[PDB]
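Chain naming here is simple, since letters A, B, ... match the order of the sequence lines and numbering starts at 1 in each.
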Amino acid sequence: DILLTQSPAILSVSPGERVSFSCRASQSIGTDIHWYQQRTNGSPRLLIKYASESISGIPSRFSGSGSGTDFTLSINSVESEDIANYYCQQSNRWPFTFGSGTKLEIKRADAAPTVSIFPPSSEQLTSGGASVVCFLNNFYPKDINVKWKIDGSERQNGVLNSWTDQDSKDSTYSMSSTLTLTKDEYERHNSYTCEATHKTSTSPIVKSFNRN
Amino acid sequence: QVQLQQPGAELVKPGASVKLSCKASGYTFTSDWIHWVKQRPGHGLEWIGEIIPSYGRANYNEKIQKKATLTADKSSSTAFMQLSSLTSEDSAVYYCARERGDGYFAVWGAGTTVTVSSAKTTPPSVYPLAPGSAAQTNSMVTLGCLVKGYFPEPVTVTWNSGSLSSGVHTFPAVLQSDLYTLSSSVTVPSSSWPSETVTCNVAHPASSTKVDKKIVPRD
């Protein structure tokens, strides 16, 4: 069976640069290679067929080249919407096989996080539960740390964090931090604080509210 | 029109079986093949097998253990994949895709998220995320929806029935105590809310529920 090697597994390039993804077949397959794009949470989408043939409705900055064993997918000037996983697939010999995929990442300018904190909803409280939600949005680079304080003292239990993948709209990252407490516990405190530390500033970006 | 329709999700008990469907529309030719492709969370695309509806013949990936059985119904123009004796190894998104006999997958279905677990289906609770009264704002304001306590994956979250996609992102679910939780964030010009409505729509395919939650300023 035809093995398709895609290396490197991640490409990082600066906005507007040209980028080239590599696909290597374990034996010669003429031009029977096709390329797909898959964004986060989306299904694959055909970009190039038969190594170099353009597909209707695909931006003209996408092109493909090569024949035999070595194939290239190129993007002429990378932009944010190109952030995605890219797969090659051969149809020269049975069975059809797929490459293991290359992730495109874009190295954009630093941006500090936009921080927002949210008190539990009336509706949640009714149910005996309290979740305080903090968004750290549209930052870059991805490294970032978040700290909860309750009445001025650090809180670590009940905190669950979630990070998006790089954003295909602006090449940034975002993160959510969620502190979950019972209604009781939540009411035995006044001040809830979400603190974001990120290389864009030496001091934390801090957001708080008071329960009353 | 959407060329290939798959259900959003299927929950299957360990050792049980399920039949995925893929309903096709658009031009259909005797040369059409319907392919199925498996994708494990955070992994690549794996070819499972193919069927030619005009003749009913199916072939399967010989490198992997055969869990699938492909059939098709020409009358309803629908392809089926029967997965049998599932384990947690079988949890994945399964796509169907159409090939015109010329080697490439011109169109793909949206995929069915199959979760193999003994846990029970649970619809999510959807809570608004509106800023507290002391929050200051600039030219933009940020709102949210907290989607909590659901099983299994996935949920789809849109804002204003899809019309609002700029300034939106939805975080990956975190799982705890056999329940998932996530939030979705939306940012609009501050001048525009609350005068213009902002609402999150939360679909949870595995429980057949679709819930709306309007986001209003806190009282």
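Atom CG in B/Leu143 sits 10.5 Å away from atom OG in B/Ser184 (nearest 0.5 Å). One distance of note links CZ of A/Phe118 with OG of A/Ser176; it measures 11.0 Å at 0.5 Å rounding. Here the CD-CD1 distance, from B/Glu46 to B/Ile64, works out to 4.0 Å after rounding to the nearest 0.5 Å. For the atom pair CG (A/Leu73) and NE2 (A/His34), the distance works out to 13.5 Å, reported to the nearest 0.5 Å. Atom CE of B/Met140 sits about 7.5 Å away from atom OG of B/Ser192, to the nearest 0.5 Å. Taken from CD1 in B/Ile34 to OG1 in B/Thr71, the straight-line distance is 12.0 Å, to the nearest 0.5 Å.
Side chain of A/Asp170 to main chain of A/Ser80: no donor-acceptor pair is present (N/O by atom type, distance under 3.5 Å, no hydrogens or angles). Here the side chain of B/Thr122 pairs no donor or acceptor atom with the backbone of B/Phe151 at under 3.5 angstrom. In this structure, A/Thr180 contributes its side chain and A/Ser131 its backbone to no donor-acceptor pair below 3.5 Å. Side-chain N or O atoms of B/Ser77 include none that pairs as donor or acceptor with a backbone N or O of B/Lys74 at under 3.5 Å. A donor-acceptor pair under 3.5 Å is absent between the side-chain atoms of A/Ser127 and the main chain of A/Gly129, judged by distance alone. Side-chain N or O atoms of B/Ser207 include none that pairs as donor or acceptor with a backbone N or O of B/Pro123 at under 3.5 Å. At least one donor-acceptor pair under 3.5 Å links the side chain of A/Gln6 to the backbone N or O of A/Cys88. Counting only distance, with no hydrogens or angles, the side chain of A/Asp167 and the backbone of A/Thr172 share no donor-acceptor pair below 3.5 Å. A donor-acceptor pair is defined here as one N or O able to donate and one able to accept, closer than 3.5 Å; such a pair exists between the side chain of B/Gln39 and the backbone of B/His43. Of the possible donor and acceptor atoms, one in the side chain of A/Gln89 sits under 3.5 Å from a partner among the backbone N and O of B/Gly103.
Nearest heavy atoms, B/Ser183 versus B/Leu129: OG-CD1, 4.0 Å. Closest heavy-atom contact between A/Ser168 and A/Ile83: CB-O, 4.1 Å. Taking each heavy atom of A/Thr200 and A/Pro113 in turn, the nearest pair found is OG1-CD, 3.9 Å. Between B/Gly162 and B/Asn201 the shortest heavy-atom distance is N-OD1, 4.3 Å. A/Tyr192 and A/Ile117 make their closest contact through O-CD1, 3.6 Å (heavy atoms, listed as atom of the first residue, atom of the second, distance). Closest approach of B/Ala58 to B/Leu70, counting heavy atoms only: CB-CB, 4.1 Å.
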Exercise for review: May I have the step-by-step check of side chain to side chain contact (heavy atoms under 4.5 Å, CB included) for A/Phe98 and B/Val37, ending in yes or no?
Suggested key: CA-CA 10 Å; A/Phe98 288 101; B/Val37 170; 4.0 Å; yes
Review point. Going through the checks in order, is the side chain to side chain contact (heavy atoms under 4.5 Å, CB included) test met by A/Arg211 and A/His189?
Key: CA-CA 7 Å; A/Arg211 173 166 75 53; A/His189 294 284; 5.6 Å; no
Check your understanding: Going through the distances and angles, do B/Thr69 and B/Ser84 end up as a side chain to side chain contact (heavy atoms under 4.5 Å, CB included)?
Key -> CA-CA 8 Å; B/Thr69 302; B/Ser84 81; over 6 Å; no
**Study point:** Full working for side-chain hydrogen bond (donor to acceptor under 3.5 Å, both in side chains) between B/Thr115 and B/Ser117
**Key:** CA-CA 6 Å; B/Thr115 306; B/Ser117 178; over 6 Å; no
**Study point:** Stepwise side-chain hydrogen bond (donor to acceptor under 3.5 Å, both in side chains) check, B/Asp73 with B/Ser75
**Key:** CA-CA 5 Å; B/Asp73 190 293; B/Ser75 88; 2.7 Å; yes
Exercise for review: Could you give me the CA-CA distance, side-chain angles and deciding distance for B/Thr142 and B/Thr187, then say whether side-chain hydrogen bond (donor to acceptor under 3.5 Å, both in side chains) is met?
Suggested key: CA-CA 4 Å; B/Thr142 293; B/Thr187 296; 2.9 Å; yes
Exercise for review: Assess whether side chain to side chain contact (heavy atoms under 4.5 Å, CB included) is satisfied between A/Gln124 and B/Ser125, documenting all intermediate values.
Suggested key: CA-CA 9 Å; A/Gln124 187 185 10; B/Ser125 296; over 6 Å; no
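Remark: A/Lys103 pairs with A/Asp165 by the salt bridge (charged side-chain N to carboxylate O under 4.0 Å, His left out) rule, at least two apart or across chains. When the side chain to side chain contact (heavy atoms under 4.5 Å, CB included) test is applied to A/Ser208, the partners found at least two apart in sequence or on another chain are A/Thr193, A/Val206. Residues passing the ring pair (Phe, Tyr, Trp, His ring centres under 6.0 Å) test with B/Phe171 are A/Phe135, B/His169, sequence neighbours excluded. With sequence neighbours excluded, no residue forms a ring pair (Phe, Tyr, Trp, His ring centres under 6.0 Å) with B/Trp36. By the ring pair (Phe, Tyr, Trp, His ring centres under 6.0 Å) test, A/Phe62 pairs with no residue at all, sequence neighbours left out. In this structure B/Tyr127 satisfies the ring pair (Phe, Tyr, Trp, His ring centres under 6.0 Å) test with no other residue, sequence neighbours excluded. The salt bridge (charged side-chain N to carboxylate O under 4.0 Å, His left out) check on B/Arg98 picks up nothing, with sequence neighbours excluded. For B/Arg40, there are no side-chain hydrogen bond (donor to acceptor under 3.5 Å, both in side chains) partners at least two apart in sequence or on another chain.
Salt-bridge check for A/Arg61 with A/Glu79: passed, with a basic side-chain N closer than 4.0 Å to an acidic carboxylate O.
For residues 108-125 of chain A, the pairs satisfying salt bridge (charged side-chain N to carboxylate O under 4.0 Å, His left out) are A/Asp110-A/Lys199, A/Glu123-B/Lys213, with sequence neighbours left out. Pairs of residues two or more places apart, or lying in two chains, never qualify as salt bridge (charged side-chain N to carboxylate O under 4.0 Å, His left out) while including a residue from residues 149-161 of chain B. Pairs of residues two or more places apart, or lying in two chains, that qualify as side chain to side chain donor-acceptor pair (under 3.5 Å) and include a residue from residues 139-148 of chain A are A/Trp148-A/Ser177.
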Pairs under 3.5 angstrom only: tabulate donor-acceptor contacts from the side chains of residues 40-52 of chain A to other protein residues two or more places apart or in another chain.
unit_1  : atom_1 : unit_2   : atom_2 : d
A/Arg45 : NH1    : A/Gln37  : OE1    : 2.9
A/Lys49 : NZ     : B/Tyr104 : OH     : 3.3
A/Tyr50 : OH     : B/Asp102 : O      : 2.5

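Side chains of A/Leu136 and A/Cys194 form a contact here, defined as non-hydrogen atoms less than 4.5 Å apart. Counting heavy atoms from C-beta outward, B/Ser191 and B/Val141 have side chains that stay 4.5 Å or more apart. The shortest side-chain heavy-atom distance between A/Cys134 and A/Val115 falls under the 4.5 Å cut-off.
Residue B/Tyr27 qualifies as open at atom OH: its count of foreign heavy atoms under 6.0 Å is 12 or below.
Using cut-offs of 30° and 60° on the angle between ring planes, the pair A/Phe96 and B/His35 is parallel.
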